[PDB]
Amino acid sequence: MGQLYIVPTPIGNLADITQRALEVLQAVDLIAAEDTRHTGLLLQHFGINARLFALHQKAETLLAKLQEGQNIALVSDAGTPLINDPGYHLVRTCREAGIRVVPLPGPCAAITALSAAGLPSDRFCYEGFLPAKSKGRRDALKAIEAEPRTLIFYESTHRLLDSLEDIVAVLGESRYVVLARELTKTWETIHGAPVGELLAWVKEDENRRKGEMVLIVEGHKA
């Protein structure tokens, strides 16, 4: 009976790899990836030759191979699979079929940003992406506006300015927010301020919203 390995990958820095990750990737019969080409680049950097299987169900196909006794590693493009990344259907399928699922610890952008924010982390909520539509986004924000826990959002560069102005609008312009940009890359920048002043600070320079970002929002006073 085969096993499924969940294997987190770097989020922009290739030294953020672990030895057990490299050993699992090289040992499994098959690697199910989000994008076979991103992962191929990654594998070639570490001198690992492996069979890739694209993850565009397909769960049932991979399930059969596991029952045939094949070991499978699930990876995503960056970070930890199933955290706003594919694989939720496969793990469900495998688990009720009695397939052992083995998670490797590794990089996760949300936790990485939270560890550097200087905000209360005894409790937090992970919200993923805000809605793209301005109305739907203001409604998600009103929905959590009272939440006392630290909130973590993933946000896109094109939508940051609009998201931030809505946040000012709904949560108020003195709500402390930490913007974590391009974690573990050369450009890495983490800056926190009252969200009013943060929005002002971001607009001063266009580059301050370039690349991948996480927002850490302080929770309501309570």
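Throughout, we count residues from 1 along the sequence that is shown.
Unmodelled residues of the deposited sequence between neighbouring positions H56 and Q57 number 4 to 9. Between 129 to 137 and 71 to 79, the higher mean Cα B-factor belongs to 129 to 137. Legend: mean Cα B-factor per stretch from the PDB entry, 165 to 173 versus 182 to 190; the higher mean is in 165 to 173. For the set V7, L215, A222, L4, the PDB entry puts the maximum C-alpha B factor at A222.
Looking at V202, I17, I11, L25, the one whose CA carries the top B-factor in the deposited record is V202. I144: CA B factor lies in the highest third for its chain, per the PDB record.
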